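> what's the 3D shape of this:
(4 chains)
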4 protein chains.
Amino acid sequence: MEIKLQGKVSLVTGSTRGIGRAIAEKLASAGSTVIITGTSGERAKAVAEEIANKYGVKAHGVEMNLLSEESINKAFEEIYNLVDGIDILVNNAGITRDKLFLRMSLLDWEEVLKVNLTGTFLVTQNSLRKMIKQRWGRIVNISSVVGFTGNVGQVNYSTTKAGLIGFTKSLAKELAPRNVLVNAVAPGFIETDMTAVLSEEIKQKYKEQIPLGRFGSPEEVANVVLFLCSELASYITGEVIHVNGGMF
Amino acid sequence: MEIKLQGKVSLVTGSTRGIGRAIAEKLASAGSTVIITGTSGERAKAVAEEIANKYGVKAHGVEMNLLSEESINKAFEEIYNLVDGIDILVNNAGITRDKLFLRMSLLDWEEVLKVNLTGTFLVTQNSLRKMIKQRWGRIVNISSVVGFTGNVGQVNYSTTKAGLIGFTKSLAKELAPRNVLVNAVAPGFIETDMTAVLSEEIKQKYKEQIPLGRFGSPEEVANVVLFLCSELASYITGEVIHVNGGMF
Amino acid sequence: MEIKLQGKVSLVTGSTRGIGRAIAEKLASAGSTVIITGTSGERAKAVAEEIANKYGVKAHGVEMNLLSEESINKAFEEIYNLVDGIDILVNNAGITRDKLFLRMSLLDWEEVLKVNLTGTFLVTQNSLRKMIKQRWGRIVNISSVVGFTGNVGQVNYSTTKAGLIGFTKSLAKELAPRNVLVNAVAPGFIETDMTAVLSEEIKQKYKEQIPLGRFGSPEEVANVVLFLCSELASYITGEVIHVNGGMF
Amino acid sequence: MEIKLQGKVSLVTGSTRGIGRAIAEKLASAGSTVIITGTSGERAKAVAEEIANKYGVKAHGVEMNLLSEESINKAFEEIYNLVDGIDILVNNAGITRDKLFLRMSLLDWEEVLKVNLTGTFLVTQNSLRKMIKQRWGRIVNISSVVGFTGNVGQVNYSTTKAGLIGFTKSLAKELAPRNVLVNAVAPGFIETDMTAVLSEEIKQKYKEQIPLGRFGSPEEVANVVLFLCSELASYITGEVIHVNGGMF
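Numbers count the residues shown, from 1 in each chain, chains lettered A, B, ... in the order given. Please find the structure below.
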């Protein structure tokens, strides 16, 4: 029983590092052609080159700043000149602009909404063509346990991660007749190189909230995304899969 | 067992008609001073006057266009010159721009998020002062059953109604230490004057999804808001109360 | 705005103390006739008398052991010889038999299910007659936040509290056409006399999980039950109201 | 990227037909040794023989009537004489005893609870030994969309399917420190040979509730169970994965 994606093209936004990069590497490991995006076109192309060398797949990197509608449509013009179209979309790009509510600036609130909700809206609208035409497509939106539980200092981020669930369920209903499945993965506390700036004390505090007693790895999140893009998830749509070690 | 709000001041956005107006009248019937808002200041002041004559409460109407930060600030400058501060905030104002996803324009999407999420954000930030200082306050966010089930033609609206849940849960956590409770009410299918433009045909349809076999009235939603503003809801925060006749 | 239940008859199981008693007193304070039940008929009649003297309502106490179908039937035979019928049922009686799963005996498991689910089933079947005939009735099931989050040492109890949600949602659908509303209240950590046997140590701990920073009182849970039995909850059915200070 | 279970032993209850048989065949297809159970030991051994011939795996059939604690412990004595122990448990066995509530017999209620909750409790307790010892184990409980939405005529079944979620989350927390993951799969409307007795009319009615517009196949449910038993689900525990074509 193997999962193979040879012949498919996957676009993973915000994949020059962290969870997004693990997701693109995981899809590449299953045979998928992959499109890497980052706010830096140079870094995106560099990462795409590394992934192609490591797994031997066709990979392309494009600059895409989800704060700009122009940057997004422009990245897609480049994308459609490189591939026939997109079969799999993983809306991973997302930002935080943390601040206690009473003092959150309008810009901190709006940028988070602009990238996490509007950027996801635009990227998804631009990726549907081939999927609807062939009646096969997979869209996976990366949400967060915080969109379900709420989190102090992240009212903007939590609002968007919960909003993505409404986005996922509504879009899944609209696209279901075309066999394009739309789902969400909600990671809990995942270890990335950024976790390195946390004090041992704060980290143990977070781990205490986790029944498995450990942070998950980016690859463990990527594995669930891979499952949703596989033939094993053909009857799942409009669903959220929590990957948080038992925390919620 | 009496629910009384005499001495309290309630701001209900988008209350010149529909559910918003029913909420403002319900709070006034319990003795609350009320602030009515609408895109038409003239209309808001007129409604405030009718409510004041009907229930005998102190009422004020102010123009507030949630799409405009300047309008919001100007409304609050007027409010704080009329009232000592706000004890109760009901975030009811919201819009829909229904379109199938494949037919949705960036403005159809951005306008709905700007009013429903960003307008709610700004109104809430501006209404907290008195609640926090006195360690008592109630914020009720009006979501919708479609933020939970998703709905065809409403990917934008459903995203915002789901987003208000993450907003509610996160804000509830940040303000809980100050005893300011933040909850949401998620109405199902409610009969308003906007409902008459639908066929008796399409209405019987919608009713098919409702176990109680009938649409709810605006007053039935308003009654739940009243409950959340009362002493009976003193240990409830970060919660969503579904008022949908058993459909979800 | 007055919540009055004069002329209504409420059966509250397991109401000789704790949350059950607070619920019965709260309903009596709104004018309801109340029926108190306990494993000790003598104790139930005594409590009924105290409540009757304190609020001036018609109150009756009956012995009801939910583990025993014969006890249940005998209690209802007595009830229908004292009251015309039941308008409001609060399924509050329940037990815990805490054990780590690997240490749980079949009786630790079966007793908890027999009382919490099967006893609730039988009491409810026996209380519907008047509600159905008159097209008005309210059934409130007391669940618990652990039925939602799960809890170590409580696999049996959590199974029953989660089960009461499916019970509530299904029964709500079957009775909705008759206007008999079925809802659940899921208290978080509530301070009762059973609480004093815990260390100030372990209590401060539990409080750590609570945003409001305090345990709720039995009266705060009772107030929510009262709300569900009032005219303010006429469009709510098949719903769970969490009363946990923001923990879930 | 392949999923292989060679060397592992999987017990699937109620696997002589339908979804349970698809699940056992799917695990066998990935290389797992499989234990088939049914109320008829003869049919269980026959199915096990067929699966072993089709996939070439070690397979064993045992009679197990979940209505009897004696039958269950006895099946396990046979099981432990055939395999070192159990690495994967799929609690699939479940029954319905449909009846409108007001007229449901106590036996219809209790049998459903006895098999779906108590049988699952006992089977799970008997299967943990090897898992806890080696710090690797996967338990998958088959729930149902009806445990979440409720369903007319199935208050007993819905109660148990929702109860299994509390069971899953509590047990996941207790076993997480041992790396034994406990999850649930909630199928929606799945086509089995029993679906053959439904009128074309009723079936179209059900399909109308499904966005994908079709029933899922037993194999599509089995695929999700396989995912949860794979290395791709190593950070998932205490979760429910809905497999219902977008219905909920």
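> all the strands of chain A, residue numbers only.
Here chain A has its strands, by DSSP state E, at A:9-12, A:33-38, A:59-63, A:88-91, A:137-142, A:180-187, A:240-243.
> please work out how many residues are found near the nearest residue to residue A:157 once chain neighbours are set aside.
Once flanking residues are discounted, residue A:157 sits nearest to residue A:96: 4.8 Å by CB to CB, 6 or more residues apart in numbering or on different chains. Where you see a C-beta, it was placed from the backbone N, CA and C, and this is true even at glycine. Residues lying near residue A:96 (other CB atoms under 10 Å in any protein chain shown) number 20.
> repeat for residue A:126
18.
> out of the strands of chain A, which is closest to chain C?
Chain C sits nearest to strand A:240-243 of all these, at 12.8 Å, using CB to the nearest CB.
> one step back: adding distance to chain D, write the strands of chain A out as JSON lines.
Listed next are the strands of chain A as JSON lines, based on distance: least, CB to the nearest CB, whole Å:
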{"stretch": "strand A:9-12", "distance to chain D": "14"}
{"stretch": "strand A:33-38", "distance to chain D": "14"}
{"stretch": "strand A:59-63", "distance to chain D": "17"}
{"stretch": "strand A:88-91", "distance to chain D": "14"}
{"stretch": "strand A:137-142", "distance to chain D": "13"}
{"stretch": "strand A:180-187", "distance to chain D": "8"}
{"stretch": "strand A:240-243", "distance to chain D": "5"}
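> can you redo those as a markdown table with distance to residue C:204 and mean neighbour count?
A markdown table is the format used below for the strands of chain A (distance: least, CB to CB, whole Å; neighbours: other CB atoms under 10 Å in any protein chain shown):
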| stretch | distance to residue C:204 | mean neighbour count |
| --- | --- | --- |
| strand A:9-12 | 45 | 29 |
| strand A:33-38 | 46 | 28 |
| strand A:59-63 | 52 | 22 |
| strand A:88-91 | 42 | 28 |
| strand A:137-142 | 37 | 26 |
| strand A:180-187 | 31 | 26 |
| strand A:240-243 | 29 | 24 |
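> could you give the angle of the longest helix along chain A to helix B:155-175?
For chain A, the longest helix by residue count, based on DSSP state H, is helix A:155-175. If you take axes from the mean of the first three to the mean of the last three CA atoms, to 10 degrees, helix A:155-175 sits at 150 degrees to helix B:155-175.
> for helix A:155-175, name the packing helices and strands.
helix A:106-113, helix A:120-127, strand A:137-142, helix A:146-149, strand A:180-187, helix B:120-127, helix B:146-149, helix B:155-175 (3 or more CB pairs under 8 Å, 6 or more residues apart in numbering or on different chains; DSSP states H and E).
> what sits against residue A:145?
Residue A:145 makes contacts with A:186, A:187, A:188, A:189, A:242, A:244, A:247, A:248, as judged by CB atoms under 8 Å, 6 or more residues apart in numbering or on different chains.
> chain neighbours aside, what residue packs nearest to it?
Per CB to CB, 6+ apart, closest to residue A:145 is residue A:188, 4.5 Å.
> burial check on the one you found, number of neighbours?
25.
> in stretch A:15-23, what's buried?
A:15, A:16, A:18, A:19, A:20, A:21, A:22, A:23 (16 or more other CB atoms under 10 Å in any protein chain shown).
> now swap in stretch A:192-210 and tell me
A:192, A:209, A:210.
> ok, the residues you listed vs chain C, which is closest?
Nearest to chain C among these: residue A:209, at 9.9 Å, using CB to the nearest CB.
> so how far is residue A:32 from the residue lying closest to that closest one once chain neighbours are set aside?
Once flanking residues are discounted, residue A:209 sits nearest to residue A:247: 5.7 Å by CB to CB, 6+ apart. Residue A:247 sits 30 Å away from residue A:32, going by CB to CB, to the nearest Å.
> which one's more surrounded, these two?
A side-by-side neighbour count of residue A:247 and residue A:32, using other CB under 10 Å, places residue A:32 first with 26 against 22.
> thought residue A:8 was touching that one, still the case?
Yes. Residue A:32 is in contact with residue A:8 according to CB atoms under 8 Å; the separation is 5.0 Å.
> joint contacts of these two?
In terms of CB under 8 Å, 6+ apart, residue A:32 and residue A:8 are both contacted by the residues A:88, A:229.
> re the thing from before, let me have the buried residues of stretch A:15-23 in CSV, adding distance to residue B:89 as columns.
CSV is the format used below for the buried residues of stretch A:15-23 (distance: CB to CB, whole Å):
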residue, distance to residue B:89
A:15, 40
A:16, 41
A:18, 38
A:19, 36
A:20, 38
A:21, 42
A:22, 42
A:23, 40
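> filter these by proximity to chain D?
By CB under 8 Å from any CB of the partner chain, no member of these lies near chain D.
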